[PDB]
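The block underneath contains the structure these notes are about, expressed in structure tokens.
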Protein chains: 2
Amino acid sequence: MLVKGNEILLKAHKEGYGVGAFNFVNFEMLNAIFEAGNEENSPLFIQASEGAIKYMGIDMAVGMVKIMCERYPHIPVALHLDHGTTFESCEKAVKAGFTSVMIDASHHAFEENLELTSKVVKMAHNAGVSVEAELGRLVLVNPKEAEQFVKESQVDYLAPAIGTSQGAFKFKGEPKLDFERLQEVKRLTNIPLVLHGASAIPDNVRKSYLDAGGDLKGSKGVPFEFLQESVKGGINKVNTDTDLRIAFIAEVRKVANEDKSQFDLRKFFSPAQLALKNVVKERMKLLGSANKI
Amino acid sequence: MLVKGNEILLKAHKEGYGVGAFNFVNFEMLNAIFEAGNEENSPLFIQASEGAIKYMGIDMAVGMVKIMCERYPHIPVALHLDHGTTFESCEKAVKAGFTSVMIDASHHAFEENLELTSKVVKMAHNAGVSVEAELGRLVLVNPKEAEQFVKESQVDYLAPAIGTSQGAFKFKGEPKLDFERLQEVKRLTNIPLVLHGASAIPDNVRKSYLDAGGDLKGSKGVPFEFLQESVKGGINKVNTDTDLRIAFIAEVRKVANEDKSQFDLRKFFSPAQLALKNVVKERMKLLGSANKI
Ligand SMILES: O=C(COP(=O)(O)O)[C@@H](O)[C@@H](O)[C@H](O)COP(=O)(O)O
Ligand SMILES: O=C(COP(=O)(O)O)[C@@H](O)[C@@H](O)[C@H](O)COP(=O)(O)O
Ligand code: NA
Ligand code: NA
Ligand SMILES: [Zn+2]
Ligand SMILES: [Zn+2]
Ligand SMILES: [Zn+2]
Ligand SMILES: [Zn+2]
């Protein structure tokens with residue numbers, strides 16, 4: 001059912017596994033994510049960016065998720081505002097029925113990040129909603145700042161900057177994350193931690209995109225082994241979007257290429273869903289949330 | 001608001017205009033149809049085939065439409081089961097919250113078509129739901145059968161076969177509809193009538209699809225003049241699906257062609273929605289439902 005984000009991530013935190021947090025922008029993405037969680041017996045963090053909310057309308061974002069939760073009532077599901085940029089955005093999401101919100105104030109200095117995060121926390125906690133915040137920028141996180149930040153804000157989960165970035169082009173050179181920094185943040189905060197920009201661009205997904213004529217020149221994701229190490233170091237929420245988009249659109253491109261007369265939307269989007277679903281299933285197994293319901 | 005199908009079509013019947021009945025299979029199609037109705041101040045007949053229902057799940061089909069109706073509460077909206085094939089399918093749609101159902105038993109002899117239609121009508125009317133049925137096969141409708149069929153079944157609207165067929169390949173030669181037969185059916189039945197297979201494949205939609213590298217293989221739709229003539233003859237519900245699909249997928253193909261690196265779903269489907277929306281807006285104006293709310 002639909003639950004406070006902390007309910008899912010406190011369990012992941014105590015038991016030492018990661019829960020993928022999967023972005024969606026429409027029905028097909030959402031359906032594939034839920035079918036993956038059903039088939040792997042995994043809790044689900046469903047998240048929507050501000051741009052996805054603008055695209056769907058917040059009433060449809062929440063409404064579709066509530067329908068899906070009722071279709072799969074045995075699955076723990078949190079609905080999360082990804083990278084909220086203002087207090088007002090977070091409050092709108094709380095009012096609309098989100099059960100988790102992120103405020104990203106990491107571009108501010110410590111004191112202003114802490115003040116704004118604390119304001120969001122007060123509002124969200126009064127409504128029974130969990131909160132995520134972010135600290136560090138690609139300076140990386142200062143673990144002693146993280147300790148104080150968490151204690152004074154009462155934020156439920158923290159995204160510490162340790163070297164990732166969003167999108168398909170994460171590293172110009174070799175992938176590198178600061179796992180010593182991660183472990184220190186974890187030791188000092190003892191709360192669930194969040195990894196942003198955690199897509200891997202799996203080889204089979206890349207191959208499908210390229211086979212269909214797509215271009216991923218220069219792309220580099222987070223290696224599977226880095227994701228596993230991140231979870232071993234205390235990451236409990238793993239933000240995943242790019243992988244889902246590439247797998248989905250690879251299949252759309254393939255259908256377009258192989259039949260110029262095909263215009264039934266279902267013929268494009270059923271194989272697209274299947275590819276997205278399979279990415280999510282494999283990721284749930286990798287992060288350790290499979291068979292946790 | 002969400003209303004019985006007869007609420008919309010009795011008005012169109014008495015005032016002599018046509019209401020497009022627009023198919024959807026997902027959020028993007030539905031959103032574009034609604035935005036068109038809002039922009040043209042037109043009532044909305046939203047319909048879902050059995051295949052679309054299998055694809056979305058009937059809970060999501062109804063749920064998304066209810067969200068959209070609450071977003072645009074001033075628009076009359078009916079939610080219609082298109083080409084229901086069994087009593088049980090029609091009953092499932094009634095129970096899930098459809099406000100109109102079609103039973104297609106036109107492949108049966110008159111007596112069996114009447115028997116099955118009457119059984120659906122009894123069930124649907126007991127639930128406050130309107131019913132569509134079909135008579136004739138591409139042998140065309142017998143107007144005296146239509147008269148008796150409507151009188152005995154109490155069906156709310158009738159699809160009389162006058163020469164259309166579904167899909168892009170309607171006429172292996174010159175377009176032709178039996179308007180004399182249409183007028184006789186209308187005179188004898190005095191109820192709202194339905195035109196199936198009513199896509200036009202407009203020149204600009206064909207051009208967009210071909211520019212995007214698609215192939216329509218000699219497809220020909222119902223000319224705009226024939227649609228207008230059919231409304232003048234008493235057609236009040238105009239089933240439209242192919243035109244929407246072609247316009248939508250043309251834009252998906254175009255994005256895929258022009259940027260091989262693009263995999264943001266919204267970048268494919270925002271222009272696709274726009275193209276679908278414009279087809280619907282133009283069709284509402286053509287059929288006479290614009291500025292009728
Ligand atoms: O960290 C993430 C994904 O990491 P990755 O790119 O590695 O999948 C997410 O929190 C966000 O980046 C999200 O994807 C942004 O979505 P839009 O603003 O709608 O384009
Ligand atoms: O008459 C119609 C549209 O005519 P046109 O093809 O001219 O748009 C519709 O009632 C049906 O044909 C409907 O489109 C079938 O949908 P699926 O079974 O989901 O493929
Ligand atoms: Na987030
Ligand atoms: Na119909
Ligand atoms: Zn992020
Ligand atoms: Zn971030
Ligand atoms: Zn039809
Ligand atoms: Zn038919």
Side-chain angles (χ1 to χ4, degrees), chain A residues 20-26 29 45-56 61 80-85 89 100 102-107 113 132-138 140-141 158-171 175 194-202 205 219-222 226-227 230 235 237-247 276 279-280 283, chain B residues 21 47 49 82-85 102-107 113 132-138 140-141 158-167 170 194-198 237 239 241 263-267:
Chain A
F22 298 104
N23 287 84
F24 76 111
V25 305
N26 68 10
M29 292 189 76
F45 243 80
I46 308 295
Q47 59 177 30
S49 67
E50 290 180 339
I53 289 171
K54 182 188 172 204
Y55 177 81
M56 283 180 284
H80 173 84
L81 170 68
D82 182 26
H83 281 76
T85 55
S89 178
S100 177
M102 187 212 177
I103 180 64
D104 180 11
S106 63
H107 55 288
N113 188 1
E132 178 182 318
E134 185 160 8
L135 192 61
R137 344 182 171 83
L138 180 52
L140 292 187
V141 62
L158 179 68
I162 60 169
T164 61
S165 58
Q166 65 193 83
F169 314 101
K170 300 186 190 308
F171 312 101
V194 187
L195 189 68
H196 293 170
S199 279
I201 311 185
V205 174
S219 63
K220 193 168 292 121
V222 178
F226 281 39
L227 294 177
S230 298
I235 292 303
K237 177 175 175 281
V238 185
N239 289 24
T240 311
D241 189 352
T242 291
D243 283 351
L244 314 193
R245 301 180 194 192
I246 298 172
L276 193 159
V279 167
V280 177
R283 195 59 46 83
Chain B
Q47 59 181 30
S49 66
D82 182 25
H83 282 75
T85 56
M102 187 218 175
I103 179 66
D104 179 14
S106 66
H107 57 290
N113 184 5
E132 180 185 317
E134 186 160 7
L135 188 62
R137 324 174 185 83
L138 204 199
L140 298 184
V141 65
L158 177 70
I162 62 175
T164 55
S165 56
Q166 74 184 64
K170 299 185 192 307
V194 186
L195 190 66
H196 292 174
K237 177 176 175 283
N239 290 24
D241 188 352
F263 50 77
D264 184 342
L265 275 68
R266 296 162 294 195
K267 292 274 183 178

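Each chain gets a letter, A, B and so on, in the order the sequences are listed, and its residues count up from 1. Below, each value reflects all heavy atoms present in this structure, side chains not excepted, and no hydrogens, waters or symmetry copies. Remember, it's 1-based here, ligands and their atoms both numbered in the order they're listed.
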- Task: Please name the pair of heavy atoms, one in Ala159(B) and one in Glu132(B), separated by the smallest distance, quoted to 0.1 Å.
- Result: CB-OE2, 4.1 Å
- Around the Zn ion (ligand 8), what protein N, O or S atoms are found below 2.8 Å? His83(B) NE2, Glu134(B) OE1, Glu134(B) OE2, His196(B) ND1
- List, ordered by chain and residue number, the protein residues whose closest non-hydrogen atom lies under 4.0 Å from any atom of ligand 1. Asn23(A), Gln47(A), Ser49(A), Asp82(A), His83(A), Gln166(A), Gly167(A), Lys170(A), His196(A), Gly197(A), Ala198(A), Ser199(A), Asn239(A), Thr240(A), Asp241(A), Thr242(A), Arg245(A), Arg266(B)
- How far apart are the closest heavy atoms of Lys220(A) and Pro175(A), and which atoms are they? CD-CD, 3.9 Å
Donor-acceptor list for residues 48-55 of chain A side chains, cut-off 3.5 Å, not counting sequence neighbours:
{"residue": "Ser49(A)", "atom": "OG", "partner": "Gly51(A)", "partner atom": "N", "Å": "3.4"}
{"residue": "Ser49(A)", "atom": "OG", "partner": "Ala52(A)", "partner atom": "N", "Å": "2.9"}
{"residue": "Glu50(A)", "atom": "OE1", "partner": "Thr85(A)", "partner atom": "OG1", "Å": "2.7"}
{"residue": "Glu50(A)", "atom": "OE2", "partner": "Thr85(A)", "partner atom": "N", "Å": "2.8"}
{"residue": "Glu50(A)", "atom": "OE2", "partner": "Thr85(A)", "partner atom": "OG1", "Å": "3.1"}
{"residue": "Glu50(A)", "atom": "OE2", "partner": "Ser89(A)", "partner atom": "OG", "Å": "2.6"}
{"residue": "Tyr55(A)", "atom": "OH", "partner": "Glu28(B)", "partner atom": "OE2", "Å": "2.6"}
{"residue": "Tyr55(A)", "atom": "OH", "partner": "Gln273(B)", "partner atom": "NE2", "Å": "3.4"}

- Message: If the condition is side chain to side chain contact (heavy atoms under 4.5 Å, CB included), which residues does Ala21(B) pass it with, not counting sequence neighbours?
- Response: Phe45(B), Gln47(B), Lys237(B), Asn239(B)
- Message: Has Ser199(A) got a side-chain atom pairing as donor or acceptor with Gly221(A)'s backbone, closer than 3.5 angstrom?
- Response: no
- Task: Applying side chain to side chain contact (heavy atoms under 4.5 Å, CB included), run through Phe24(A) and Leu244(A) and close with a yes or a no.
- Result: CA-CA 9 Å; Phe24(A) 76 111; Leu244(A) 314 193; over 6 Å; no
- Task: Could you tell me whether a side-chain N or O of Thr164(B) sits under 3.5 Å from a main-chain N or O of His196(B), the two making a donor and an acceptor?
- Result: yes
- From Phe22(A) atom CZ to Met29(A) atom CE, the distance as rounded to the nearest 0.5 Å: 10.5 Å
- For residues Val222(A) and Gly197(A), report the shortest heavy-atom separation together with the two atoms involved. CG2-O, 3.5 Å
